[PDB]
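Chains as they are written, first to last, in the deposited numbering: chain N, 14 to 130; chain g, 83 to 150. Report on the structure given below.
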């Protein structure tokens, strides 16, 4: 679930397993070692949603629906300003590509058994 | 110091908004297409894209120039 997603995103942030942005996500997808991608819904996407569907609909690529763009930017560590309490301003992202290297967590197995269902 | 000669300025780079959707083109069916050509170099591999100029074809970091 979502706490499993934020825990595996934090583990990738610590062990350098993140590919943020959209063109870096496309390069990691065409390099054919991408495993999981996340697409944010309720966004300004007249063409982008079926564009990323065309990229992610080939084989072995799953999908995770997250509503708010600002909330998902916390888990990826896109910005961290004035960490004493709430952030001052964190800009939101669109897509994230993980590189699971520290592959020992119950969050990973619960998100994978969500994936294979 | 202001002199009699006019002052030169650096490149104020033109800003492009969402150019990645001009790399691929999507149809109404279920297929993915490549609008431009992919560089066949080894380290300059399958991630980067390559230009479409009026007379020549040039990549980004590996610098392989092709023309007709």
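Built from N, CA and C at the ideal position, the CB exists for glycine as well.
Handout entry: Stretch pair the region 131-143 of chain g + the region 64-81 of chain N: three plus CB contacts closer than 8 Å
Key = Judged by Cβ distances under 8 Å, the region 131-143 of chain g makes no contact with the region 64-81 of chain N, as fewer than three pairs qualify.
Problem - Secondary structure of residue 102/g, DSSP reduced to three states - result: Position 20 of the second chain, counted from the start, is the residue given in the question as residue 102/g. Three-state DSSP puts residue 102/g in a helix.
Problem - Terminal residues of the alpha helix (DSSP H) in which residue 69/N lies - result: Counting from 1 along the first chain, the entry for residue 69/N is found at position 56. Counting along the chain, the alpha helix (DSSP H) containing residue 69/N begins and ends at 61-69.
Practice task
With a threshold of 16 other CB atoms inside 10 Å of the CB of residue 14/N, please say whether the residue is buried or exposed.
Solution key: Position 1 of the first chain, counted from the start, is the residue given in the question as residue 14/N. Its Cβ having fewer than 16 others within 10 Å, residue 14/N is exposed.
Handout entry: Contiguous beta strand (DSSP E) assignments of at least 3 residues, all confined to the region 75-126 of chain N
Key = 108-111
Handout entry: Contact with chain g by residue 44/N, beta-carbon distance below 9 Å
Key = Here residue 44/N refers to the residue found at position 31 of the first chain. Yes - at least one Cβ of chain g is within 9 Å of the one on residue 44/N.
Exercise for the section: Taking all protein chains shown into account, decide if residue 149/g is buried (16 or more other Cβ within 10 angstroms of its Cβ) or exposed. Expected result: Numbered from its first residue, the second chain carries residue 149/g at position 67. So residue 149/g counts as exposed.
Exercise for the section: For residue 58/N, return the contacting residues in chain g, with the cut-off set at a CB-CB distance below 7 Å. Expected result: Translated into positions along the first chain, residue 58/N becomes position 45. Neighbours of residue 58/N on chain g: none; closest Cβ ~10 Å, over 7 Å.
Handout entry: Cross-strand partners of residue 140/g (DSSP beta bridge)
Key = Position 58 of the second chain, counted from the first residue, corresponds to residue 140/g. Per DSSP, 147/g.
Problem - DSSP bridge partner residues for residue 51/N (one or two, in chain order) - result: Within the first chain, the letter at position 38 stands for residue 51/N. Residue 51/N pairs with 109/N.
Practice task
Specify the secondary structure class of residue 18/N as computed by DSSP and reduced to three states.
Solution key: Taking the first chain and counting its residues from 1, one reaches residue 18/N at position 5. Looking at residue 18/N - three-state DSSP - the assignment turns out to be helix.
Exercise for the section: Kindly say whether residue 117/g, judged by its beta-carbon, lies nearer than 9 Å to any beta-carbon of chain N. Expected result: Translated into positions along the second chain, residue 117/g becomes position 35. No, because no Cβ of chain N sits closer than 9 Å to the Cβ of residue 117/g.
Handout entry: Assigned secondary structure, residue 8/N (DSSP; H/G/I helix, E/B strand, else coil)
Key = Given that chain N is displayed from residue 14 to residue 130, the structure contains no residue 8/N and the question cannot be resolved.
Practice task
Just mark residue 98/N as buried or exposed, buried being the case when its beta carbon has 16 or more other beta carbons within 10 Å.
Solution key: Numbered from 1 along the first chain, position 85 holds the residue referred to as residue 98/N. Exposed.
Exercise for the section: Given a cut-off of 9 Å, decide if residue 23/N and residue 105/N are closer than it, judged by their beta-carbon atoms. Expected result: The residue labelled residue 105/N in the question sits at position 92 within the first chain. The residue labelled residue 23/N in the question sits at position 10 within the first chain. For residue 105/N and residue 23/N, no; Cβs fall outside 9 Å.
Problem - Interfacial residues, the region 126-138 of chain g to chain N, with Cβ spacing under 8 Å - result: 127, 128, 129, 130
Practice task
Please name the residue in 79/N, 75/N, 94/N whose C-alpha comes closest to that of residue 127/N.
Solution key: Counting from one through the first chain, the residue named residue 127/N turns up at place 114. If we check each option's Cα against that of residue 127/N, 75/N comes out closest.
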